[PDB]
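> So that you have it, the file is protein09.txt, and it contains compact mmCIF, N, CA and C atoms:
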# COMPACT_ATOMS: atom_id res chain seq x y z
N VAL A 160 -85.26 -1.14 -121.64
CA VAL A 160 -84.27 -2.15 -122.03
C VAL A 160 -83.97 -2.07 -123.52
N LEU A 161 -85.02 -1.95 -124.35
CA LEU A 161 -84.80 -1.89 -125.79
C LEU A 161 -84.24 -0.54 -126.23
N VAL A 162 -84.56 0.55 -125.52
CA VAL A 162 -83.90 1.83 -125.80
C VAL A 162 -82.41 1.74 -125.51
N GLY A 163 -82.04 1.11 -124.38
CA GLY A 163 -80.63 0.90 -124.09
C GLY A 163 -79.95 0.01 -125.11
N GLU A 164 -80.65 -1.03 -125.57
CA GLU A 164 -80.11 -1.92 -126.60
C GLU A 164 -79.87 -1.16 -127.91
N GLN A 165 -80.84 -0.33 -128.31
CA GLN A 165 -80.70 0.45 -129.54
C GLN A 165 -79.58 1.48 -129.42
N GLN A 166 -79.46 2.12 -128.26
CA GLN A 166 -78.41 3.12 -128.06
C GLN A 166 -77.03 2.48 -128.10
N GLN A 167 -76.86 1.34 -127.42
CA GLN A 167 -75.57 0.65 -127.45
C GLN A 167 -75.28 0.06 -128.82
N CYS A 168 -76.32 -0.30 -129.58
CA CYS A 168 -76.13 -0.75 -130.95
C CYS A 168 -75.63 0.38 -131.85
N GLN A 169 -76.24 1.56 -131.73
CA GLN A 169 -75.87 2.68 -132.59
C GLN A 169 -74.56 3.34 -132.17
N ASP A 170 -74.14 3.12 -130.91
CA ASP A 170 -72.93 3.77 -130.41
C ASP A 170 -71.68 3.32 -131.17
N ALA A 171 -71.57 2.02 -131.47
CA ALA A 171 -70.39 1.53 -132.18
C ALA A 171 -70.34 2.05 -133.61
N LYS A 172 -71.50 2.09 -134.29
CA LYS A 172 -71.54 2.58 -135.66
C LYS A 172 -71.23 4.07 -135.72
N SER A 173 -71.71 4.84 -134.74
CA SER A 173 -71.33 6.25 -134.69
C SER A 173 -69.88 6.42 -134.26
N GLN A 174 -69.34 5.44 -133.53
CA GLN A 174 -67.97 5.54 -133.03
C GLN A 174 -66.95 5.33 -134.14
N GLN A 175 -67.19 4.32 -134.99
CA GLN A 175 -66.16 3.76 -135.88
C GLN A 175 -65.55 4.79 -136.84
N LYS A 176 -66.29 5.86 -137.14
CA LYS A 176 -65.82 6.87 -138.09
C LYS A 176 -64.56 7.57 -137.58
N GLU A 177 -64.51 7.90 -136.29
CA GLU A 177 -63.36 8.65 -135.80
C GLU A 177 -62.12 7.78 -135.68
N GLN A 178 -62.26 6.48 -135.39
CA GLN A 178 -61.09 5.61 -135.47
C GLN A 178 -60.65 5.39 -136.91
N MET A 179 -61.60 5.39 -137.86
CA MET A 179 -61.23 5.30 -139.27
C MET A 179 -60.40 6.51 -139.68
N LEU A 180 -60.84 7.70 -139.29
CA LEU A 180 -60.07 8.92 -139.56
C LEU A 180 -58.74 8.91 -138.82
N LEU A 181 -58.72 8.37 -137.60
CA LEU A 181 -57.49 8.29 -136.81
C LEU A 181 -56.45 7.40 -137.48
N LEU A 182 -56.87 6.21 -137.92
CA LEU A 182 -55.94 5.31 -138.60
C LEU A 182 -55.50 5.88 -139.93
N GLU A 183 -56.40 6.59 -140.62
CA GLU A 183 -56.04 7.21 -141.90
C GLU A 183 -54.99 8.30 -141.71
N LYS A 184 -55.17 9.16 -140.70
CA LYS A 184 -54.23 10.25 -140.51
C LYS A 184 -52.90 9.75 -139.95
N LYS A 185 -52.92 8.72 -139.10
CA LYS A 185 -51.66 8.14 -138.65
C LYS A 185 -50.97 7.37 -139.77
N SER A 186 -51.75 6.81 -140.70
CA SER A 186 -51.20 6.18 -141.88
C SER A 186 -50.49 7.19 -142.77
N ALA A 187 -51.08 8.39 -142.91
CA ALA A 187 -50.42 9.45 -143.66
C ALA A 187 -49.20 10.00 -142.92
N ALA A 188 -49.28 10.07 -141.59
CA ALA A 188 -48.13 10.51 -140.80
C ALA A 188 -46.97 9.53 -140.93
N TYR A 189 -47.28 8.24 -141.01
CA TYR A 189 -46.24 7.25 -141.30
C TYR A 189 -45.60 7.49 -142.65
N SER A 190 -46.39 7.89 -143.66
CA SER A 190 -45.82 8.20 -144.97
C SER A 190 -44.91 9.41 -144.90
N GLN A 191 -45.29 10.43 -144.13
CA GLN A 191 -44.42 11.60 -143.96
C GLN A 191 -43.11 11.23 -143.26
N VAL A 192 -43.19 10.39 -142.22
CA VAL A 192 -41.99 9.96 -141.51
C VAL A 192 -41.09 9.13 -142.43
N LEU A 193 -41.70 8.25 -143.24
CA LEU A 193 -40.92 7.45 -144.18
C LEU A 193 -40.28 8.32 -145.26
N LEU A 194 -40.97 9.37 -145.71
CA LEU A 194 -40.38 10.28 -146.68
C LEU A 194 -39.18 11.02 -146.09
N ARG A 195 -39.31 11.47 -144.84
CA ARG A 195 -38.19 12.13 -144.17
C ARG A 195 -37.01 11.17 -143.99
N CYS A 196 -37.29 9.92 -143.62
CA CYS A 196 -36.23 8.91 -143.50
C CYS A 196 -35.57 8.62 -144.84
N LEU A 197 -36.36 8.58 -145.92
CA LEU A 197 -35.81 8.35 -147.25
C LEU A 197 -34.88 9.49 -147.66
N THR A 198 -35.29 10.74 -147.38
CA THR A 198 -34.45 11.89 -147.68
C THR A 198 -33.15 11.86 -146.89
N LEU A 199 -33.23 11.56 -145.59
CA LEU A 199 -32.03 11.49 -144.76
C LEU A 199 -31.10 10.36 -145.19
N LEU A 200 -31.68 9.21 -145.57
CA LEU A 200 -30.86 8.07 -145.97
C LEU A 200 -30.20 8.30 -147.32
N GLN A 201 -30.90 8.96 -148.25
CA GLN A 201 -30.28 9.28 -149.53
C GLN A 201 -29.22 10.35 -149.37
N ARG A 202 -29.40 11.26 -148.40
CA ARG A 202 -28.33 12.19 -148.06
C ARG A 202 -27.12 11.47 -147.49
N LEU A 203 -27.37 10.48 -146.63
CA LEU A 203 -26.27 9.73 -146.01
C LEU A 203 -25.52 8.88 -147.04
N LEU A 204 -26.24 8.30 -147.99
CA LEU A 204 -25.59 7.44 -148.97
C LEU A 204 -24.90 8.25 -150.06
N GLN A 205 -25.67 9.09 -150.77
CA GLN A 205 -25.13 9.78 -151.93
C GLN A 205 -24.16 10.89 -151.53
N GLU A 206 -24.62 11.82 -150.69
CA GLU A 206 -23.81 12.98 -150.36
C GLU A 206 -22.65 12.62 -149.44
N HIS A 207 -22.92 11.83 -148.40
CA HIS A 207 -21.90 11.57 -147.39
C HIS A 207 -20.99 10.40 -147.73
N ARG A 208 -21.46 9.43 -148.50
CA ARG A 208 -20.69 8.21 -148.73
C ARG A 208 -20.33 8.00 -150.19
N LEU A 209 -21.27 8.21 -151.11
CA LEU A 209 -21.03 7.85 -152.50
C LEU A 209 -20.10 8.84 -153.21
N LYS A 210 -20.31 10.13 -153.00
CA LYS A 210 -19.61 11.16 -153.76
C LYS A 210 -18.44 11.74 -152.99
N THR A 211 -18.67 12.21 -151.76
CA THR A 211 -17.60 12.84 -151.00
C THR A 211 -16.58 11.81 -150.52
N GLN A 212 -17.05 10.70 -149.96
CA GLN A 212 -16.15 9.74 -149.32
C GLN A 212 -15.29 8.99 -150.32
N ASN B 504 -41.10 1.55 -146.16
CA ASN B 504 -40.46 0.99 -144.97
C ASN B 504 -39.34 0.03 -145.33
N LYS B 505 -39.56 -0.81 -146.35
CA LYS B 505 -38.51 -1.69 -146.83
C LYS B 505 -37.34 -0.90 -147.39
N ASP B 506 -37.63 0.19 -148.12
CA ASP B 506 -36.59 1.05 -148.66
C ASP B 506 -35.72 1.64 -147.55
N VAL B 507 -36.37 2.17 -146.51
CA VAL B 507 -35.67 2.69 -145.34
C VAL B 507 -34.85 1.59 -144.68
N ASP B 508 -35.40 0.37 -144.62
CA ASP B 508 -34.72 -0.73 -143.94
C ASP B 508 -33.43 -1.13 -144.66
N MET B 509 -33.47 -1.37 -145.98
CA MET B 509 -32.19 -1.81 -146.54
C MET B 509 -31.26 -0.63 -146.80
N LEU B 510 -31.78 0.60 -146.84
CA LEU B 510 -30.88 1.75 -146.86
C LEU B 510 -30.10 1.86 -145.55
N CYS B 511 -30.79 1.67 -144.42
CA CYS B 511 -30.12 1.66 -143.12
C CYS B 511 -29.15 0.49 -143.02
N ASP B 512 -29.54 -0.68 -143.52
CA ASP B 512 -28.68 -1.86 -143.45
C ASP B 512 -27.44 -1.69 -144.32
N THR B 513 -27.59 -1.04 -145.48
CA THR B 513 -26.46 -0.82 -146.37
C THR B 513 -25.50 0.22 -145.79
N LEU B 514 -26.04 1.28 -145.18
CA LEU B 514 -25.15 2.31 -144.65
C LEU B 514 -24.47 1.88 -143.35
N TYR B 515 -25.19 1.16 -142.48
CA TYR B 515 -24.58 0.73 -141.23
C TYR B 515 -23.58 -0.40 -141.44
N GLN B 516 -23.94 -1.40 -142.26
CA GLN B 516 -23.14 -2.61 -142.50
C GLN B 516 -22.77 -3.33 -141.20
N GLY B 517 -23.76 -3.47 -140.31
CA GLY B 517 -23.58 -4.25 -139.10
C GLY B 517 -22.92 -3.53 -137.95
N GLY B 518 -22.52 -2.27 -138.12
CA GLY B 518 -21.91 -1.49 -137.06
C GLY B 518 -22.88 -0.43 -136.57
N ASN B 519 -22.89 -0.21 -135.25
CA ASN B 519 -23.72 0.85 -134.68
C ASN B 519 -23.27 2.22 -135.15
N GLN B 520 -21.96 2.45 -135.22
CA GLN B 520 -21.43 3.68 -135.79
C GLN B 520 -21.57 3.64 -137.31
N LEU B 521 -21.83 4.81 -137.89
CA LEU B 521 -21.94 4.93 -139.34
C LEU B 521 -20.61 4.62 -140.02
N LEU B 522 -20.69 3.99 -141.19
CA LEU B 522 -19.52 3.60 -141.97
C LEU B 522 -19.61 4.30 -143.33
N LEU B 523 -19.12 5.54 -143.39
CA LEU B 523 -19.03 6.23 -144.68
C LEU B 523 -17.91 5.64 -145.52
N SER B 524 -16.74 5.44 -144.92
CA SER B 524 -15.62 4.85 -145.63
C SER B 524 -15.80 3.34 -145.74
N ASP B 525 -15.21 2.77 -146.79
CA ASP B 525 -15.18 1.32 -146.94
C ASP B 525 -14.30 0.72 -145.86
N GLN B 526 -14.88 -0.17 -145.05
CA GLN B 526 -14.26 -0.58 -143.79
C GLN B 526 -12.98 -1.40 -144.03
N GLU B 527 -13.04 -2.36 -144.95
CA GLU B 527 -11.83 -3.13 -145.25
C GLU B 527 -10.80 -2.28 -145.98
N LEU B 528 -11.25 -1.33 -146.81
CA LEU B 528 -10.33 -0.36 -147.39
C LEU B 528 -9.74 0.55 -146.31
N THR B 529 -10.54 0.89 -145.30
CA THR B 529 -10.05 1.72 -144.20
C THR B 529 -8.97 1.00 -143.39
N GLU B 530 -9.19 -0.28 -143.08
CA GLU B 530 -8.16 -1.01 -142.35
C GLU B 530 -6.96 -1.32 -143.25
N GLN B 531 -7.17 -1.40 -144.57
CA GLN B 531 -6.04 -1.47 -145.49
C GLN B 531 -5.19 -0.20 -145.41
N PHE B 532 -5.84 0.96 -145.37
CA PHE B 532 -5.11 2.22 -145.17
C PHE B 532 -4.38 2.22 -143.83
N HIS B 533 -5.02 1.70 -142.79
CA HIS B 533 -4.40 1.66 -141.46
C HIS B 533 -3.17 0.75 -141.44
N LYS B 534 -3.25 -0.43 -142.06
CA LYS B 534 -2.10 -1.33 -142.05
C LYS B 534 -0.99 -0.83 -142.97
N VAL B 535 -1.33 -0.16 -144.07
CA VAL B 535 -0.32 0.50 -144.90
C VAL B 535 0.40 1.57 -144.09
N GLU B 536 -0.37 2.37 -143.33
CA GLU B 536 0.23 3.41 -142.49
C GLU B 536 1.12 2.82 -141.40
N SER B 537 0.68 1.72 -140.78
CA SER B 537 1.45 1.12 -139.70
C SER B 537 2.75 0.50 -140.22
N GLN B 538 2.67 -0.22 -141.34
CA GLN B 538 3.87 -0.81 -141.92
C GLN B 538 4.81 0.28 -142.44
N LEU B 539 4.26 1.37 -142.97
CA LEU B 539 5.08 2.50 -143.38
C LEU B 539 5.76 3.15 -142.19
N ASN B 540 5.07 3.21 -141.04
CA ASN B 540 5.69 3.72 -139.83
C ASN B 540 6.83 2.82 -139.36
N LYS B 541 6.64 1.50 -139.45
CA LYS B 541 7.72 0.58 -139.08
C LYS B 541 8.92 0.73 -140.00
N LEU B 542 8.67 0.82 -141.31
CA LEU B 542 9.75 1.03 -142.28
C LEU B 542 10.44 2.37 -142.04
N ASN B 543 9.68 3.40 -141.69
CA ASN B 543 10.25 4.71 -141.40
C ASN B 543 11.10 4.67 -140.13
N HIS B 544 10.67 3.90 -139.13
CA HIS B 544 11.48 3.74 -137.92
C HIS B 544 12.80 3.05 -138.22
N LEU B 545 12.76 1.99 -139.04
CA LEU B 545 13.99 1.33 -139.45
C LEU B 545 14.89 2.26 -140.26
N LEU B 546 14.28 3.04 -141.17
CA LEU B 546 15.04 3.96 -142.00
C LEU B 546 15.68 5.07 -141.17
N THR B 547 14.96 5.59 -140.17
CA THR B 547 15.52 6.64 -139.33
C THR B 547 16.60 6.10 -138.40
N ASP B 548 16.48 4.84 -137.97
CA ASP B 548 17.57 4.20 -137.23
C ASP B 548 18.82 4.10 -138.10
N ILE B 549 18.64 3.71 -139.37
CA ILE B 549 19.77 3.64 -140.29
C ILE B 549 20.35 5.03 -140.55
N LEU B 550 19.49 6.05 -140.67
CA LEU B 550 19.97 7.42 -140.85
C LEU B 550 20.78 7.89 -139.65
N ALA B 551 20.32 7.57 -138.44
CA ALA B 551 21.07 7.93 -137.24
C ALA B 551 22.42 7.23 -137.20
N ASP B 552 22.45 5.95 -137.57
CA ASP B 552 23.72 5.22 -137.60
C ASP B 552 24.67 5.79 -138.65
N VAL B 553 24.14 6.18 -139.81
CA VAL B 553 24.97 6.73 -140.88
C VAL B 553 25.54 8.09 -140.47
What is this structure when it is put down as structure tokens?


Amino acid sequence: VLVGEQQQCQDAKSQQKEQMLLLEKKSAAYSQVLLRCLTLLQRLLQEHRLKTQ
Amino acid sequence: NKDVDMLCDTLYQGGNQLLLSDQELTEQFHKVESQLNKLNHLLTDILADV
């Protein structure tokens, strides 16, 4: 019973690292998507609307 | 994300289709063209009569 208790106790602490890395990498992926959106929107405003139009 | 949001809001201006041209300026061009067409129709009628 206490071996099972210790194993289930240590499982969450060993688990949490990979979700930390997962949220970190998806957080960086969000930054990449936002950078691409910023580039496309500045292309739409400056090149397509501000100067040419 | 906020930058993307008001950039999208500024470029769309409430329309699903993109608005590169100034919309009220665009309809000003359209009404100038339509009134010019009406004046041209009257002028061509007068030319035909002459």

> Would you please extract all alpha helix (DSSP H) residues from chain B, as assigned by DSSP on the backbone, and give them as an MDAnalysis selection string?

chainID B and resid 505:515 526:552

> Let me make sure I understand: among B:506, B:552, B:525, B:512, which one has the smallest atom-to-atom distance to residue 208 (chain A) if we use all atoms listed in the file?

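The answer is B:525, which sits nearest to residue 208 (chain A).
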
> Could you please select, counting all atoms listed in the file, the residues of chain B within 7 Å of chain A and state them as a list in words?

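Matching residues, ligands excluded from the count: residues 504, 506, 507, 510, 511, 514, 522, 523 and 524 of chain B.
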
> Please measure the separation of atom C of residue 536 (chain B) and CA of residue 550 (chain B), giving the value in Å to one decimal.

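Answer for the atom C of residue 536 (chain B) to CA of residue 550 (chain B) separation: 19.4 Å.
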
> In Å, rounded to a single decimal, give me how far atom C of residue 546 (chain B) is from atom N of residue 530 (chain B).

25.5 Å

> How many Å separate atom N of residue 538 (chain B) from atom C of residue 206 (chain A)?

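These two atoms are separated by 29.5 Å.
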